[PDB]
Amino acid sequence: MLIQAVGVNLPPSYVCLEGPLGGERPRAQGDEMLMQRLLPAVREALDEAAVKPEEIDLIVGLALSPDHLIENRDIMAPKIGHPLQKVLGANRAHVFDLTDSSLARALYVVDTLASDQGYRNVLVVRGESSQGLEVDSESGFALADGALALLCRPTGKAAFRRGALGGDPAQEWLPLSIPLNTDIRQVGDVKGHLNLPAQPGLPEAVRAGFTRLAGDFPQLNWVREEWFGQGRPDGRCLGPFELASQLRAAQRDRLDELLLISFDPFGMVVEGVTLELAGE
């Protein structure tokens, strides 16, 4: 899997939440919806790589948001990859979604599929516009809002790792869940609640897990997702969207290869994928 270009578009509005899993994260406001961020992110990645939308062979999306996806804020399915195909003009592309998967696992799966099918230009997009989800007030956990677009060229050579979190190996980490809202009265009410029990040692466990997984590829520099504000400057974090600045930094330093590590809050594991980089 080769990363041709990276696009990212985040809301300027940051919201701080207190708690062991809290932090200052970007948050969509009012009736803003994901496509407002996703399309420009995709378009800047396409322009960087000099790839036209009709050249896109595959679009794979990742978005938990149950609403605020497109112009009709009430639609939840089919998932955003399809309306992206329409407004983008990728008339030759195949579209599907990998739901609650991490980015690292998705890139691994897509590199396997796309190389097998002979695709040359693949688009993996990650985005959130989470007005429809109530944050976890007790722990402070919330999803960062924004859009990330990775324009990729498959090679079939990406390696993959699914590793455990660090810290106490005997400790059972309580996973993230998004239960359905059982008392929806207005169409604009939240559709689900973020539920991630307060676990003070979790942010360090994820980072320790990152370092352990990176030990399987000691020859590679690596990038990571930061889902929590604990220990971060200003308590600010962008979740999976942190990858944009790190990947751009890797391009600036002329790195050929790279390891990208994600955090899966549903499985309470870390997942890494090896990638190739283009110059920039």
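Rigid core (definition): largest C-alpha set, two forms, superposition within 1.5 Å. Heads up: residue numbers just count along the shown sequence, starting at 1.
Using the rigid core as the fitting frame, the root mean square C-alpha deviation in 4 other deposited structures of this protein is greater for 212-220 than for the other of 61-69 and 212-220. Fitting each structure in 4 other deposited structures of this protein onto the rigid core and averaging C-alpha distances over structures and residues, 78-86 emerges as the more displaced of 78-86 and 198-206. For the segment pair 179-187 and 147-155, the entry gives 179-187 the higher mean B-factor, averaged over Cα atoms. Stretches 134-142 and 119-127 differ in mean C-alpha B factor, with the higher average recorded for 134-142.
Residue-level inspection of the entry shows that, of 90, 103, 80, 109, 90 has the top Cα B-factor. Highest C-alpha temperature factor among 213, 255, 62, 28, as the PDB entry reports it: 255. Ranked by Cα temperature factor within the chain, residue 242 sits in the highest third according to the deposited record. Among all modelled residues in its chain, residue 44 ranks in the highest third by Cα B-factor. Per-chain ranking of the deposited C-alpha B factor places residue 38 in the lowest third.
When the modelled residues of the chain are ordered by their C-alpha B factor, residue 17 lands in the highest third. The PDB entry assigns residue 73 a C-alpha temperature factor belonging to the lowest third of its chain's modelled residues.
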